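Shown next as structure tokens: one chain only, the form deposited without its partner chain.
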């Protein structure tokens, strides 16, 4: 056999978090018979199970490693290639750290338009973010970002959380006009839109059953004429508006 006196190439992250998985790769060439060599990979007191891949008088051993709280601190990663009574070994360090997630603390996750909202992180003066919730905030996300120093390397970790804002049903004269005057047989598009979260259910009825074709283009007919009661209700309340359609002679 032939096992040159040089350490195997060892690739691994110099840093690894608790309860996460890592990947080590050891390789070496110029040895023979590679198929008979024993590859010893291990981090600390944990012996790894590598997947050895052979090549032109060479090999590459890949292995995954999982760490826990007990392994916290500096651990030793080793790769040893053995043939006969000779062995080539490489020593490296891997630091296991614990970085608690910076949780986003929302006073109240779901709130109604107008309420005061406070945002703080929890994992020198204490800072919080205050803002008066607006409807434009429904679905928006607040974040808590943090950094940690481990082995001269800067690790980043964050957390985002969405805020649900609720805004009562609304029917401004602007987005749902109180009256219409259309010439019989003209083309129009009845306009009446409710506003709110949750999205309010809208119904514009005349004589309690005849609906106004809102949002769509229609041909004005005699039977559109009348008074409609547009109701927009949701768990946040209910708003009623009366709409009058006049249908002039063509």
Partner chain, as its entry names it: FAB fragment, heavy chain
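Residue numbers count along the first chain shown, from 1.
Omitted here: the form deposited with its partner chain bound. The next part is about that form.
J.: Please tell me which of 218, 205, 214, 52 lies within 4.5 Å of its partner chain in the deposited complex, judged by heavy atoms.
T.: Contact check passes for 214.
J.: So which of 64, 189, 56, 68 reaches within 4.5 angstroms of its partner chain in the deposited complex, heavy atom to heavy atom?
T.: Only one option qualifies, and that one is 189.
J.: Does its partner chain come within 4.5 Å of a heavy atom in each of 167, 174 and 194 in the deposited complex?
T.: Checked in the deposited complex: all three residues contact its partner chain.
J.: Name the stretch, out of 37-45, 196-204, 219-227, 22-30, where some heavy atom lies within 4.5 Å of its partner chain in the deposited complex.
T.: Result for this chain: 196-204.
J.: Taking the shortest heavy atom distance, is residue 136 within 4.5 Å of its partner chain in the deposited complex?
T.: Contact check for residue 136: yes, within 4.5 Å of its partner chain in the deposited complex.
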